Q: 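This is the structure I have questions about; it appears just below.
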Amino acid sequence: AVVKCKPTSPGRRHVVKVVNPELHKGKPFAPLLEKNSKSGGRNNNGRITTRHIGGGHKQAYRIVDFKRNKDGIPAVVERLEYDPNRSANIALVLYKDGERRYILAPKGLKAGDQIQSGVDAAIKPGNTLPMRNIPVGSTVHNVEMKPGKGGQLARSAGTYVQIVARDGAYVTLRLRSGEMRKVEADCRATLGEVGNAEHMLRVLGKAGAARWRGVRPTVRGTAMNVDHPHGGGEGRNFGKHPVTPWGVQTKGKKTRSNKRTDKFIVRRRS
RNA sequence: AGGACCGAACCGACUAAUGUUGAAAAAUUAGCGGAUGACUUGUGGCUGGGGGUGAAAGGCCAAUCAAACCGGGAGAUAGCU
RNA sequence: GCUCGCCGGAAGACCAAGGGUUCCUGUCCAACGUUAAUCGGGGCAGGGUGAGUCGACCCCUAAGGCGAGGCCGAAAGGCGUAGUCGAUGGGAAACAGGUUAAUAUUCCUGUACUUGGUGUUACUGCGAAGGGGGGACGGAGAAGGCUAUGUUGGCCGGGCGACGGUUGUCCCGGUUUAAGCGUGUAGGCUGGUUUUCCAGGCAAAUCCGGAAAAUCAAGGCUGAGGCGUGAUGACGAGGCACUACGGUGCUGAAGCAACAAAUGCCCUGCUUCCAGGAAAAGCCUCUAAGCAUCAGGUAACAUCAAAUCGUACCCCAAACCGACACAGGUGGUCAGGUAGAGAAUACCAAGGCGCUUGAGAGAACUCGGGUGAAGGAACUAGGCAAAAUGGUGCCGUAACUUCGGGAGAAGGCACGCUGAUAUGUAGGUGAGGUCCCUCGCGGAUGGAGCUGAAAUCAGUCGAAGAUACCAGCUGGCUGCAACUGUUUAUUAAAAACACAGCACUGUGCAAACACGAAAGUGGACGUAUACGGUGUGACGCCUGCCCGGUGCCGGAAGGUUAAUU
RNA sequence: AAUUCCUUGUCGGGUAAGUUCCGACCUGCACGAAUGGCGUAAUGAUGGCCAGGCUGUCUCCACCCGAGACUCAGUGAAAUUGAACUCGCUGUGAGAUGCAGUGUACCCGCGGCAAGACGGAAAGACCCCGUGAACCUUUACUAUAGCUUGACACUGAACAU
RNA sequence: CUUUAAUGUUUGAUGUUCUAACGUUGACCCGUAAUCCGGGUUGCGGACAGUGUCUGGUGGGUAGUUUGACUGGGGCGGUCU
């Protein structure tokens, strides 16, 4: 639930938490865990490729199954769990054969609900079927863009895409960004929405709350000397067009220079 | 419960005096700040010079930084001493 | 040798790193020592470092490094797979006492433990470069139960006091003892046992997981400490023979109990929280191909082996880093006594020091401090500095406010000692004894003994009772920034930088973007409630007019227009 | 006003006396609404200001305890230094120990002050010069990485218009 | 030779389709106890994309440079035959 803390101290006035008693108050399933060494925004060369990244709280990787290729075997939800590697919560399921796996937790899922993957599955949240069998005008998540590789769209907290049409071997979708894309009509998609919608109402309330996530502080550039176009000056001058480091606009300039697909795009956005 | 309160260690370094061929190539003395945290610290590792890193001061990169050090071009050039 | 003074959560003791003989002894004093020097971390010579259990090596791996092939790249070379290296982490075993001028858990004494090899005997399904389990893990907080250790008492030994008193409720000292083995408690976790069955764990599996039944509820795992054993021993204040008064043999009393009590152990526990908490091996199991009167496996007994290197000395320092025997810097461990909340502070113990120039004098002036008539900031750029405040308990406490604060607001009263209440109370601990029993490290009852505040009344001393050290000045108006934080190592700690929060914008995943000639990596094992960039900078009321100019995003009728032809 | 030149703006508060400070007026030289505007409890080794207490901050210094300074013994530096038999005054040459004139002055030390020796220290950082630099900015010049446009090549087959 | 249409060859423009180059940081098999790489099957894209050469535009993102003299100091102004 979305709860507002009390201002007993500076650092708790504007903080807002998202707690859920339905989550597992213990350790997760170990066989589905693996190391996750932090990077710091650096690469194999040791250079900072992405800034504002470093430190934070340790994490272990929850092996998630975005493919959902176990068809013809129902599984029931054992327990919900909190995943640090992502914003949404996951769910530990148990397959009749004794196989346990993690999946994204949809909107209205609990511990004990049944779900199944495949073309012969039922139309209920949590089930995975190819969009060829999914009706038109529905709401799905963890959508696949190529059959066999795994869901890649609508994997976030409260994200969901809506199927808009299906002409042939392709189906048109309106992604959460407002984009109207079309993918093959054989890509597996999951029914329902990822349930953490209140995740966006969360509020850090203090700086250190961001440093736990691994986010390092951000320095603007206006008072930045040889180091950034904006640079400096006696006072707050900034008498030039807003520009990135390395010299690009950042306030309207489109940088889509792929031009490979150019087919699935219909209503890019806005 | 807490980037909460007082306050040692620990980490810092606001004021004054001394010292200024000093005890010390930035410290001492008396006070001062934080002190469960964006904390602190050991060991090892990565980032290499028009580059790195930088909660950004043109700050730090071995007492050296508006472009490190060493060697080489090199007996640079100097209408100036 | 006798006094004095200093440190004593260190200026004591044990180590790592580092240094590398500075360690012990003898001998020497030119230079080195900021003086002298018979002395020395000096010079010369000699001596000294003993390990199956400590550590390294070794097995395992993190970050990350190298990297067969391979991909990429003018050459150089770069990235990287399989693999192989790499601790600051995981992994088998030793304690006490004694001993040397210098070493010892390494030697001696006594008592133990661990992993292996081999052999004998008996019983036998053994088997991996695979599977599974386990190893294996956060922060804060709450207590409870123990010990280290300490205090008092008792006991044993000695003592009867340089000056009044001291055979007594007196004084001093001692009152220690391990690993391991046996017991398995406080307490923590878990529901167990048997059988059948299955799309799972690459294949297999009796193992793990899962499913459906029967059958019982006590079963097991973990576990500080305690007791006993170890120990008729060792140690032991002191003696007795020697005693070059350096010390060597022998002998050697008591060696208990209560109370208090940790920041350590139970505890990798319990509870709770969001920021959601390493890996791999050893170890326990499972089977595969294969081997079965074999080989291997299990238990006992015997025997053998456990190599190699380090081990001296310093280690908050005169031995390391600072050119110095330099007020500096340097990580971890042990953590006594009185008062105290306390690792502050004051005084002491253990133990270690008095800091490698002294003597005398008692002018100016300087440094560091103390006191001060009357006045009390009139000083000064400025209350710089100094002075002052300073504690616990109770009462009391404004505007303003985001209702949390402000706040320790301000302010005011009381604090010692003795006695009684109560020969030491409430409370805490808990004996013998008694009763029960699943008869045990059990439960109940029992309250001796020990320990022990706080308060009231009364009385009493002093100028002064929070008497030392220690230990907030307070209040008001107001600018800036929300706040905690960060920064110009070495003249600037701020109104600057961050900041949570807001907005614009880009980004549909082989994402944008970035480092890279490229491969590729990061972004991210993330997917628009995400990521990047820019500006603003909590919260609250708000954020107005202008697209002519530049830029950005779009569009077309035409014109202009590159290579090319 | 962290912004106001005129300027110590005018009035008022507070002080015996207030260029600062506080509160209003607006005549905003030259505030202004996310390079944000106006407020804001709390916080701050933050800036400014007013009181109480407090005191040697001062009026106005005085004494005292210690460490140096002073003397003795021992060891034993340094910056600086053209050479010195190294006075004042006035004038002169452009601020005289050294010239002129004149005055004064026995020789040599110790302890103190710091006016001068344009004292020591650092080939002035300010100013200017140089057809010296180095960094930084931009609608300065010329190039360039990158991004982007198209032609040709890697690159072919049909069909229809 | 002045002339004009269905055809034939001829080449060019636009559009649709296809697959065989090429791409695949999709799936599966092997090398192979290997998320590298390659090969193989197959699917999706598909002569687009991407790369090489040429070329226009943009290009302080980055380099190499310029930015006068006289002057009652220099600058501003003025001046330069």
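We name chains A, B, ... by the order of the sequence lines, and we start the count at 1 in each one.
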Q: By a strict heavy-atom criterion of less than 4.0 Å, which residues belonging to residues 219-228 of chain A are in contact with RNA chain C?
A: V219(A), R220(A), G221(A), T222(A), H228(A)
Q: Heavy atoms under 4.0 Å is the rule here; annotate nucleotides 62-84 of chain C 5' to 3' with B where the base is hit, S where only the sugar-phosphate is, and - elsewhere.
A: SS---------------SS----
Q: Under a 90° cut-off about 0 for the syn range, is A422(C) syn or anti?
A: anti
Q: Indicate whether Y61(A) forms a stack on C525(C); treat it as stacked only if centroid distance is below 5.5 angstrom and interplanar angle below 30 degrees.
A: yes
Q: Which nucleotide, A199(C), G26(E), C553(C), lies nearest any side-chain atom of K149(A)?
A: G26(E)
Q: Would you say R47(A) places a side-chain N or O within less than 4.0 Å of OP1 or OP2 belonging to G516(C)?
A: yes
Q: For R42(A) and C513(C), what is the distance between atoms CZ and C1' respectively, to the nearest whole Å?
A: 17 Å
Q: Mind checking if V19(A) touches a base, just sugar-phosphate, or nothing, with heavy atoms under 4.0 Å?
A: sugar-phosphate
Q: Just the rounded figure in Å: distance from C1' of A511(C) to CD of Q152(A).
A: 11 Å
Q: So do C172(C) and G173(C) actually stack on each other, going by six-membered ring centres closer than 5.5 Å and planes off by less than 30°?
A: yes
Q: Does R260(A) or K263(A) map to a spot on RNA chain E nearer the 5' end, using the closest nucleotide for each?
A: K263(A)
Q: Would the base of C504(C) count as contacting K251(A) through its side chain, where contact means a donor and an acceptor less than 3.5 Å apart?
A: yes
Q: Below 4.0 angstrom from OP1 or OP2 of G551(C), is there any side-chain N or O of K253(A)?
A: no
